[PDB]
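K.L.:
Got a structure here, written out as structure tokens. Questions coming.
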Amino acid sequence: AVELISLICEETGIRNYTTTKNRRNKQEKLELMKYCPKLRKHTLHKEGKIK
Amino acid sequence: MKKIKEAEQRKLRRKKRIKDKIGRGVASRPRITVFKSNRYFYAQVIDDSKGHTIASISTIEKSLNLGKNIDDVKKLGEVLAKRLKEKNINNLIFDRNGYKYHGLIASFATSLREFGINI
Amino acid sequence: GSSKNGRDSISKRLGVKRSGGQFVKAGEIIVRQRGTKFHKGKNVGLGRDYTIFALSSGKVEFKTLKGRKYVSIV
Amino acid sequence: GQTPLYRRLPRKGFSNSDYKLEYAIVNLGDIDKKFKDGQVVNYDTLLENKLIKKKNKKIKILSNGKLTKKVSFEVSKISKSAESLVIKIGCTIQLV
Amino acid sequence: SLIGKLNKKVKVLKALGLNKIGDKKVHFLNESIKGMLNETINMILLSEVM
RNA sequence: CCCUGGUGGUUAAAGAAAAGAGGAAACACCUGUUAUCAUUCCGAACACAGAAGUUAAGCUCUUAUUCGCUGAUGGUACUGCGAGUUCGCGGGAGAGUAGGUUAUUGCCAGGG
RNA sequence: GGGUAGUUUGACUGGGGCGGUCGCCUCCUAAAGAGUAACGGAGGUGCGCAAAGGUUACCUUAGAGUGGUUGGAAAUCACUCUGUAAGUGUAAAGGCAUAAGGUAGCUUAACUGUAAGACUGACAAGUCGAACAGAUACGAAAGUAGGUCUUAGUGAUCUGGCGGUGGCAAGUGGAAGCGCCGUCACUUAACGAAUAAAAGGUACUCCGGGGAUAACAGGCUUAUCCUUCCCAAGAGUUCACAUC
RNA sequence: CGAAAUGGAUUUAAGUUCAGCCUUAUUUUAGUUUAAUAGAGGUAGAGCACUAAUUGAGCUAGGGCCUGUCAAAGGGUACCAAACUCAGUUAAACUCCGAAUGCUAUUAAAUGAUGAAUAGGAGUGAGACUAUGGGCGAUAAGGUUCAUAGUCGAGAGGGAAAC
């Protein structure tokens with residue numbers, strides 16, 4: 001009941017990070033302030049698919 | 001009895017944790033500690049490489065004749081800054097010494113800050 | 001009726017790596033341990049798994065205070 | 001029967017042979033030791049003076065050793081340090 | 001002899017300088033030599049050099 | 001220098017309980033919640049505003065060692081080694097017992 | 001579709017087979033560095049958590065005794081003694097009063113490029129790490145934060161898929177495809193994995209070898225078996241030993 | 001000049017590979033044994049403060065029985081017994097304490113190619129016994145499997161009648 005999700009930089013769309021998240025516990029759309037190395041600046045990353 | 005004893009014990013535990021969180025003071029950047037009695041207000045600057053009080057101040061000092069209010073500790077911090085500058089120390093580490101950084105301590109610290117002391 | 005058990009992990013090689021009085025340089029590992037069997041004194045640091053390491057060159061020393069052992073670099 | 005080392009480790013990529021631009025290195029120290037002023041250091045003279053072999057015809061000039069003699073160059077590539085030193089000594093450079 | 005004795009004691013005797021039976025060596029008694037002699041007292045004969 | 005308060009070093013209970021002594025200064029208790037603050041409720045703690053009062057408590061000093069802690073000298077257990085064998089040499093407990101222990105000290109401020 | 005052909009069907013094992021087991025973690029065995037076997041003796045495990053993470057600030061149980069509507073031995077509250085035996089997602093050990101325990105606020109460092117110097121180690125691997133640059137989070141600041149108190153929660157290479165970058169482009173220019181960066185899909189659990197794809201019998205058997213390995217005997221031991229002995233509560237009318 | 005029968009891994013267990021061990025050559029110079037001094041243990045032992053086992057007394061809840069007992073409020077306690085006190089014991093997976101050795105660092109002596117690095121070339125990866133510390137077995141086995149040292153292995157000679 002745990003899936004591998006990918007955190008995507010909002011303003012570039014690059015899949016910068018991958019992480020684990022438990023489905024059937026929140027089924028929300030996890031957002032995380034992560035550092036986007038393309039921009040040398042922190043920004044918002046959203047949950048998304050892997051494949 | 002036990003209640004006063006446990007209040008003391010809690011104060012000591014807080015003091016000890018604060019001390020090893022901030023670390024020890026060195027002659028370049030010594031440590032400023034405070035003590036808040038029911039009547040007065042004390043501050044000491046300590047170099048732990050020697051265990052020596054480089055400078056100190058308190059409201060007992062008659063010449064200052066300050067009170068025990070925010071205003072008074074503002075002026076007292078001003079006096080402490082001018083006393084330390086002539087001994088050319090500008091970096092200090094602020095040991096809140098078992099108190100909560102708020103009110104009187106906040107005003108004291110900010111007063112040391114507006115006059116070129118790095119705390 | 002065979003044996004219900006017989007299962008052992010790999011030995012982790014803990015213990016003191018540099019003996020008291022030895023000369024170490026910066027970054028040396030001094031103790032490997034689970035938990036603060038030895039606590040940190042002057043000029044040493046503690047890793048995330050309670051490893052003891054030397055922040056500067058010097059000579060290792062162990063002290064005892066209230067029954068707890070402290071490691072330092074002097 | 002243990003998996004060999006060349007099968008535990010991974011690979012890294014192609015070799016890019018069949019598309020290399022391969023060609024001879026000649027150094028400033030060599031030119032200083034072998035030549036003199038005024039002639040054209042080029043394919044023909046380096047070949048006859050035995051600094052390269054006439055299999056390769058795309059020489060590059062590198063900057064080991066020091067060069068003191070004003071010369072003319074007709075080469076295919078040149079390092080920045082070497083052409084700076086050679087212009088400073090006062091030679092001339094044509095890239096062919 | 002050195003045959004069959006303990007490894008530590010063979011090392012001590014070779015550190016004193018004796019390899020065979022009938023070996024003769026003069027040594028100046030300080031703490032080190034005294035400790036070695038005490039270790040290997042049962043295999044040596046000590047005479048004194050006037 | 002000393003008393004008190006604050007701050008370091010030296011780690012052996014530098015421990016708690018019971019009884020007595022004081023309180024000038026200092027410290028603490030104590031006053032009010034109304035100002036910023038805190039409480040999974042409660043000026044209790046903390047926070048802020050002040051000095052009417054006190055040794056009752058905390059604290060300091062003096063106490064029988066009442067509880068704890070520490071600890072001899074010997075002896076024993078155990079141990080290294082030995083062509084001495086229940087021995088020869090070297091090292092030597094724990095426990096118990098005779099005892100001991102309610103610290104000491106560097107430097108900042110107030111004034112005796 | 002055994003009509004027919006080519007092959008597979010493991011090893012450890014106090015012979016073999018049956019049975020059981022194969023990764024990793026905790027303790028003892030382990031003889032006071034480390035290391036150290038067994039089909040030795042005991043447990044857990046192929047996760048969970050967007051908080052049970054990070055930071056700041058503020059706090060301490062369990063048990064005994066006593067007093068209280070339900071409330072009794074025990075639910076909640078007050079106090080005395082006790083001072084961590086309580087509690088630390090999950091096994092156990094080592095640790096945790098400055099609490100790593102508990103509560104509350106803010107927040108995403110559950111970062112990027114990196115790294116002096118090391119431990120452990122056949123190798124391949126694994127682990128700690130001051131400090132530097134960028135971007136932050138928290139705090140007044142010093143500082144802390146490169147997940148979880150630490151120690152298990154895991155799987156190489158090859159192949160394939162997705163995204164980004166735009167290096168390679170077989171005359172040239174495009175393109176296919178590939179390299180590079182990010183990353184997914186193996187109870188490959190026989191867990192350093194021989195194939196992408198695999199069960200039995202041979203007492204009709206055969207070959208190459210082994211006392212490195214069983215069955216009949218030799219040798220060792222005596223659990224077992226057998227033959228004695230030591231003590232005598234009793235039986236034997238009374239009389240331990242006529243006898244048992 | 002001079003081994004190994006060890007460790008790691010393996011469709012491995014009679015194989016093979018890496019390390020360790022050995023040799024040749026070059027380069028390099030500090031093994032190892034003490035003494036002094038300075039370090040970390042939990043082993044033997046010891047012990048009951050902690051986790052457990054457990055003996056005789058003192059003391060005492062609670063439960064049962066009996067007794068003017070309705071199943072209310074009462075008493076006697078021959079007992080079953082928590083907790084507590086005194087005394088005396090058990091523990092590889094209990095330790096309030098803790099050696100002797102060993103391990104590690106420094107210095108001074110002592111011993112003379114025993115160390116380390118590189119290059120070339122192997123072999124070994126079946127051990128056995130004795131003196132000790134062990135586990136398993138039955139404080140049985142020339143038994144099995146570990147740790148220290150020696151011997152044989154690869155060692156002639158003397159002695160233990162042969163061995």
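Residues in the structure tokens are numbered from 1 in each chain, the chains being A, B, ... in the order shown, and ligands are numbered from 1 in the order shown.
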Do you know which residues are at most 6 Å from range 13-30 of chain A counting only C-alpha atoms (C1' of nucleotides), after dropping those on the same chain fewer than 5 positions away, and could you put them as a VMD selection string?

P.N.:
chain A and resid 1 to 8 47

K.L.:
What lies within 12 Å of range 32-38 of chain F using only C-alpha atoms (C1' of nucleotides), ignoring chain neighbours under 2 positions off, as number ranges by chain?

P.N.:
B: 70, 100-104, 106-107; F: 30, 42-43, 45-50; G: 57-58, 104

K.L.:
Residue 43 in chain E: which residues within 9 Å, counting only C-alpha atoms (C1' of nucleotides), same-chain residues fewer than 3 positions away excluded, as a ChimeraX atom specification?

P.N.:
/E:1-2,40

K.L.:
Filtering to N, CA, C and O atoms, could you give me those residues as a PDB file, in the first residue's frame?

P.N.:
ATOM      1  N   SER E   1      67.235 -26.379  25.654  1.00  0.00           N
ATOM      2  CA  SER E   1      67.038 -26.131  24.241  1.00  0.00           C
ATOM      3  C   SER E   1      65.818 -25.260  23.998  1.00  0.00           C
ATOM      4  O   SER E   1      64.979 -25.051  24.873  1.00  0.00           O
ATOM      5  N   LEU E   2      65.723 -24.757  22.774  1.00  0.00           N
ATOM      6  CA  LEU E   2      64.571 -23.979  22.354  1.00  0.00           C
ATOM      7  C   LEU E   2      63.461 -24.834  21.776  1.00  0.00           C
ATOM      8  O   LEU E   2      62.357 -24.328  21.573  1.00  0.00           O
ATOM      9  N   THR E  40      62.786 -16.087  31.530  1.00  0.00           N
ATOM     10  CA  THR E  40      63.446 -17.319  31.103  1.00  0.00           C
ATOM     11  C   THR E  40      64.422 -17.861  32.110  1.00  0.00           C
ATOM     12  O   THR E  40      65.470 -18.384  31.744  1.00  0.00           O
TER      13      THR E  40
END

K.L.:
From a DSSP calculation on the backbone, collect every residue of range 10-116 of chain B in strand (DSSP E) and output the set as number ranges by chain.

P.N.:
B: 31-36, 41-47, 52-58, 93-95

K.L.:
Store the residues picked out above in a file with N, CA and C atoms, as a PDB file, in the first residue's frame.

P.N.:
ATOM      1  N   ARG B  31      31.224  34.814  26.441  1.00  0.00           N
ATOM      2  CA  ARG B  31      29.833  34.483  26.703  1.00  0.00           C
ATOM      3  C   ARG B  31      29.216  35.489  27.657  1.00  0.00           C
ATOM      4  N   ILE B  32      28.007  35.937  27.345  1.00  0.00           N
ATOM      5  CA  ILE B  32      27.285  36.878  28.188  1.00  0.00           C
ATOM      6  C   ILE B  32      26.143  36.130  28.857  1.00  0.00           C
ATOM      7  N   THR B  33      26.144  36.136  30.195  1.00  0.00           N
ATOM      8  CA  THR B  33      25.115  35.461  30.956  1.00  0.00           C
ATOM      9  C   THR B  33      24.401  36.503  31.831  1.00  0.00           C
ATOM     10  N   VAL B  34      23.150  36.207  32.170  1.00  0.00           N
ATOM     11  CA  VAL B  34      22.325  37.120  32.937  1.00  0.00           C
ATOM     12  C   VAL B  34      21.737  36.381  34.125  1.00  0.00           C
ATOM     13  N   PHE B  35      21.284  37.149  35.092  1.00  0.00           N
ATOM     14  CA  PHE B  35      20.629  36.634  36.284  1.00  0.00           C
ATOM     15  C   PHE B  35      19.590  37.623  36.749  1.00  0.00           C
ATOM     16  N   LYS B  36      18.369  37.153  36.972  1.00  0.00           N
ATOM     17  CA  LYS B  36      17.233  38.035  37.221  1.00  0.00           C
ATOM     18  C   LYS B  36      16.664  37.763  38.609  1.00  0.00           C
ATOM     19  N   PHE B  41      19.149  42.844  38.435  1.00  0.00           N
ATOM     20  CA  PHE B  41      19.427  42.297  37.111  1.00  0.00           C
ATOM     21  C   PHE B  41      20.916  42.320  36.919  1.00  0.00           C
ATOM     22  N   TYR B  42      21.522  41.176  36.629  1.00  0.00           N
ATOM     23  CA  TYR B  42      22.972  41.060  36.565  1.00  0.00           C
ATOM     24  C   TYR B  42      23.389  40.514  35.212  1.00  0.00           C
ATOM     25  N   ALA B  43      24.520  40.994  34.704  1.00  0.00           N
ATOM     26  CA  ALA B  43      25.085  40.475  33.472  1.00  0.00           C
ATOM     27  C   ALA B  43      26.592  40.355  33.620  1.00  0.00           C
ATOM     28  N   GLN B  44      27.135  39.258  33.108  1.00  0.00           N
ATOM     29  CA  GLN B  44      28.562  38.988  33.174  1.00  0.00           C
ATOM     30  C   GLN B  44      29.054  38.489  31.826  1.00  0.00           C
ATOM     31  N   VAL B  45      30.255  38.909  31.447  1.00  0.00           N
ATOM     32  CA  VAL B  45      30.921  38.415  30.254  1.00  0.00           C
ATOM     33  C   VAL B  45      32.091  37.565  30.708  1.00  0.00           C
ATOM     34  N   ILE B  46      32.135  36.329  30.237  1.00  0.00           N
ATOM     35  CA  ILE B  46      33.028  35.312  30.764  1.00  0.00           C
ATOM     36  C   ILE B  46      33.836  34.725  29.621  1.00  0.00           C
ATOM     37  N   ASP B  47      35.129  34.542  29.864  1.00  0.00           N
ATOM     38  CA  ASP B  47      36.015  33.780  28.997  1.00  0.00           C
ATOM     39  C   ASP B  47      36.345  32.488  29.729  1.00  0.00           C
ATOM     40  N   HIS B  52      37.324  33.703  33.511  1.00  0.00           N
ATOM     41  CA  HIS B  52      37.507  35.080  33.950  1.00  0.00           C
ATOM     42  C   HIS B  52      36.368  35.964  33.474  1.00  0.00           C
ATOM     43  N   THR B  53      35.933  36.862  34.352  1.00  0.00           N
ATOM     44  CA  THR B  53      34.881  37.822  34.027  1.00  0.00           C
ATOM     45  C   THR B  53      35.560  39.065  33.459  1.00  0.00           C
ATOM     46  N   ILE B  54      35.489  39.212  32.139  1.00  0.00           N
ATOM     47  CA  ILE B  54      36.103  40.362  31.490  1.00  0.00           C
ATOM     48  C   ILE B  54      35.366  41.642  31.859  1.00  0.00           C
ATOM     49  N   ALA B  55      34.038  41.600  31.870  1.00  0.00           N
ATOM     50  CA  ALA B  55      33.243  42.767  32.219  1.00  0.00           C
ATOM     51  C   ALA B  55      31.933  42.306  32.836  1.00  0.00           C
ATOM     52  N   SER B  56      31.242  43.239  33.484  1.00  0.00           N
ATOM     53  CA  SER B  56      30.010  42.918  34.191  1.00  0.00           C
ATOM     54  C   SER B  56      29.239  44.198  34.454  1.00  0.00           C
ATOM     55  N   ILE B  57      27.961  44.038  34.796  1.00  0.00           N
ATOM     56  CA  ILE B  57      27.097  45.176  35.084  1.00  0.00           C
ATOM     57  C   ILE B  57      25.864  44.677  35.819  1.00  0.00           C
ATOM     58  N   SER B  58      25.218  45.572  36.561  1.00  0.00           N
ATOM     59  CA  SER B  58      23.985  45.231  37.260  1.00  0.00           C
ATOM     60  C   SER B  58      23.313  46.505  37.744  1.00  0.00           C
ATOM     61  N   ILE B  93      28.405  35.511  22.684  1.00  0.00           N
ATOM     62  CA  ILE B  93      27.396  34.461  22.613  1.00  0.00           C
ATOM     63  C   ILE B  93      26.459  34.631  23.794  1.00  0.00           C
ATOM     64  N   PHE B  94      25.163  34.584  23.528  1.00  0.00           N
ATOM     65  CA  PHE B  94      24.147  34.979  24.499  1.00  0.00           C
ATOM     66  C   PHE B  94      23.615  33.788  25.246  1.00  0.00           C
ATOM     67  N   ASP B  95      24.151  33.538  26.434  1.00  0.00           N
ATOM     68  CA  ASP B  95      23.625  32.509  27.322  1.00  0.00           C
ATOM     69  C   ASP B  95      22.417  33.088  28.039  1.00  0.00           C
TER      70      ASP B  95
END

K.L.:
Could you give me, as JSON lines, a per-residue list for range 12-95 of chain H showing, wherever an atom lies at most 12 Å from an atom of range 42-63 of chain C, the closest pair of atoms and their distance in Å to one decimal, using only C-alpha atoms (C1' of nucleotides) and sorting by chain then residue number from low to high?

P.N.:
{"residue": "H:38", "atom": "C1'", "partner": "C:61", "partner_atom": "CA", "distance": 9.4}
{"residue": "H:39", "atom": "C1'", "partner": "C:62", "partner_atom": "CA", "distance": 7.4}
{"residue": "H:40", "atom": "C1'", "partner": "C:62", "partner_atom": "CA", "distance": 8.5}

K.L.:
Any idea what's packed within 9 Å of residue 193 in chain G, counting only C-alpha atoms (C1' of nucleotides), ignoring anything in its chain fewer than 4 positions away? Could you give it as a list in words?

P.N.:
residues 3 of chain D; 155, 156 and 188 of chain G

K.L.:
At a cut-off of 9 Å, list the chain H residues touching chain E, using only C-alpha atoms (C1' of nucleotides), as a list in words.

P.N.:
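Taking only C-alpha atoms (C1' of nucleotides) into account, residues 32, 33, 34, 35, 36, 109, 110, 111, 149, 150 and 151 of chain H sit within 9 Å of chain E.
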
K.L.:
Could you name the residues that touch range 49-63 of chain H at 9 Å or less, counting only C-alpha atoms (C1' of nucleotides), but leaving out those on the same chain fewer than 6 positions away, as an MDAnalysis selection string?

P.N.:
(chainID G and resid 85) or (chainID H and resid 80:91 94:96)

K.L.:
Check range 17-95 of chain D with DSSP on the backbone and list each residue it calls alpha helix (DSSP H), as number ranges by chain.

P.N.:
D: 28-34, 43-48, 80-89

K.L.:
Please list as a PyMOL selection string every residue within 12 Å of residue 19 in chain F, counting only C-alpha atoms (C1' of nucleotides) and excluding residues in the same chain fewer than 2 positions away.

P.N.:
chain F and resi 17+21+62-64

K.L.:
Those same residues - N, CA and C atoms (P, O5', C5', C4', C3', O3' and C1' of nucleotides) - I'd like them written as a PDB file, in the first residue's frame.

P.N.:
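To be explicit, this is the file written out as out15.pdb:
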ATOM      1  P     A F  17      16.091  17.008  52.384  1.00  0.00           P
ATOM      2  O5'   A F  17      15.826  16.075  53.649  1.00  0.00           O
ATOM      3  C5'   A F  17      14.781  15.112  53.641  1.00  0.00           C
ATOM      4  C4'   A F  17      14.794  14.269  54.892  1.00  0.00           C
ATOM      5  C3'   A F  17      14.763  15.030  56.209  1.00  0.00           C
ATOM      6  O3'   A F  17      13.460  15.452  56.574  1.00  0.00           O
ATOM      7  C1'   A F  17      16.438  13.370  56.303  1.00  0.00           C
ATOM      8  P     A F  21      17.012  28.309  67.287  1.00  0.00           P
ATOM      9  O5'   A F  21      18.310  29.077  66.775  1.00  0.00           O
ATOM     10  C5'   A F  21      19.316  29.495  67.686  1.00  0.00           C
ATOM     11  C4'   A F  21      20.541  30.002  66.967  1.00  0.00           C
ATOM     12  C3'   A F  21      20.302  31.092  65.933  1.00  0.00           C
ATOM     13  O3'   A F  21      20.179  32.380  66.507  1.00  0.00           O
ATOM     14  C1'   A F  21      21.701  29.429  65.011  1.00  0.00           C
ATOM     15  P     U F  62      30.401  24.543  59.507  1.00  0.00           P
ATOM     16  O5'   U F  62      29.748  24.177  60.914  1.00  0.00           O
ATOM     17  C5'   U F  62      30.140  24.854  62.098  1.00  0.00           C
ATOM     18  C4'   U F  62      29.170  24.608  63.225  1.00  0.00           C
ATOM     19  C3'   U F  62      28.952  23.154  63.613  1.00  0.00           C
ATOM     20  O3'   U F  62      29.972  22.644  64.455  1.00  0.00           O
ATOM     21  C1'   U F  62      26.860  24.233  63.413  1.00  0.00           C
ATOM     22  P     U F  63      30.306  21.072  64.456  1.00  0.00           P
ATOM     23  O5'   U F  63      29.007  20.408  65.094  1.00  0.00           O
ATOM     24  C5'   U F  63      28.767  19.014  64.979  1.00  0.00           C
ATOM     25  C4'   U F  63      27.421  18.639  65.548  1.00  0.00           C
ATOM     26  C3'   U F  63      26.953  17.220  65.268  1.00  0.00           C
ATOM     27  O3'   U F  63      27.522  16.268  66.150  1.00  0.00           O
ATOM     28  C1'   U F  63      25.193  18.736  64.819  1.00  0.00           C
ATOM     29  P     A F  64      28.747  15.348  65.667  1.00  0.00           P
ATOM     30  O5'   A F  64      28.360  13.892  66.181  1.00  0.00           O
ATOM     31  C5'   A F  64      28.091  13.651  67.555  1.00  0.00           C
ATOM     32  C4'   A F  64      26.906  12.735  67.728  1.00  0.00           C
ATOM     33  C3'   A F  64      26.924  11.463  66.893  1.00  0.00           C
ATOM     34  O3'   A F  64      27.717  10.436  67.462  1.00  0.00           O
ATOM     35  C1'   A F  64      24.816  12.501  66.689  1.00  0.00           C
TER      36        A F  64
END

K.L.:
Tell me, counting only C-alpha atoms (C1' of nucleotides), for each residue of chain C within 12 Å of chain H, which pair of atoms is nearest and how far apart they are in Å to one decimal, in rows ordered by chain and increasing number, as a tab-separated table.

P.N.:
residue	atom	partner	partner_atom	distance
C:15	CA	H:40	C1'	8.4
C:16	CA	H:40	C1'	6.6
C:17	CA	H:104	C1'	8.9
C:18	CA	H:104	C1'	7.4
C:19	CA	H:104	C1'	5.4
C:20	CA	H:39	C1'	4.2
C:21	CA	H:105	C1'	5.7
C:22	CA	H:105	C1'	4.8
C:23	CA	H:105	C1'	7.9
C:24	CA	H:105	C1'	10.8
C:30	CA	H:40	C1'	11.1
C:31	CA	H:40	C1'	9.9
C:37	CA	H:40	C1'	11.1
C:38	CA	H:40	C1'	10.0
C:59	CA	H:105	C1'	9.7
C:60	CA	H:39	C1'	9.0
C:61	CA	H:39	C1'	7.7
C:62	CA	H:39	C1'	7.4
C:63	CA	H:39	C1'	10.1
C:64	CA	H:40	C1'	11.8
C:69	CA	H:40	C1'	9.8
C:70	CA	H:40	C1'	11.4
C:71	CA	H:40	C1'	10.8

K.L.:
Any idea what the distance is between CA of residue 77 in chain D and CA of residue 27 in chain D?

P.N.:
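Interatomic distance, CA of residue 77 in chain D to CA of residue 27 in chain D: 12.3 Å.
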
K.L.:
Neighbouring residues of range 60-69 of chain D were defined as those with any atom within 8 Å, considering only C-alpha atoms (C1' of nucleotides); residues of the same chain fewer than 5 positions away were excluded. Please report them as a PyMOL selection string.

P.N.:
chain D and resi 23-32+36-37+75-79+81-82+86+89+91

K.L.:
The selected residues should be written to file as an mmCIF file, in the first residue's frame (atoms: C-alpha atoms).

P.N.:
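Result file selection.cif:
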data_model
loop_
_atom_site.group_PDB
_atom_site.id
_atom_site.type_symbol
_atom_site.label_atom_id
_atom_site.label_comp_id
_atom_site.auth_asym_id
_atom_site.auth_seq_id
_atom_site.Cartn_x
_atom_site.Cartn_y
_atom_site.Cartn_z
ATOM 1 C CA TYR D 23 46.925 12.839 -35.569
ATOM 2 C CA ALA D 24 50.420 13.496 -34.390
ATOM 3 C CA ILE D 25 51.616 15.569 -31.462
ATOM 4 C CA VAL D 26 54.665 17.798 -31.826
ATOM 5 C CA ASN D 27 55.995 19.864 -28.946
ATOM 6 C CA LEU D 28 57.623 23.271 -28.819
ATOM 7 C CA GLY D 29 60.689 21.845 -27.109
ATOM 8 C CA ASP D 30 61.094 19.412 -29.996
ATOM 9 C CA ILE D 31 60.835 22.213 -32.546
ATOM 10 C CA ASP D 32 63.405 24.269 -30.639
ATOM 11 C CA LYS D 36 66.006 27.077 -36.871
ATOM 12 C CA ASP D 37 64.716 30.474 -37.996
ATOM 13 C CA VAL D 75 49.546 23.187 -39.032
ATOM 14 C CA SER D 76 46.078 21.771 -38.416
ATOM 15 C CA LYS D 77 45.518 22.512 -34.719
ATOM 16 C CA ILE D 78 47.267 24.463 -31.985
ATOM 17 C CA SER D 79 46.814 24.752 -28.242
ATOM 18 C CA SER D 81 49.068 28.158 -24.515
ATOM 19 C CA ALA D 82 51.348 27.170 -27.377
ATOM 20 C CA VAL D 86 54.701 31.366 -30.156
ATOM 21 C CA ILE D 89 58.268 34.923 -29.372
ATOM 22 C CA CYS D 91 56.343 33.609 -35.097
#

K.L.:
To one decimal in Å, tell me the separation between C1' of residue 81 in chain F and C1' of residue 31 in chain G.

P.N.:
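Computing the Euclidean distance for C1' of residue 81 in chain F and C1' of residue 31 in chain G yields 18.7 Å.
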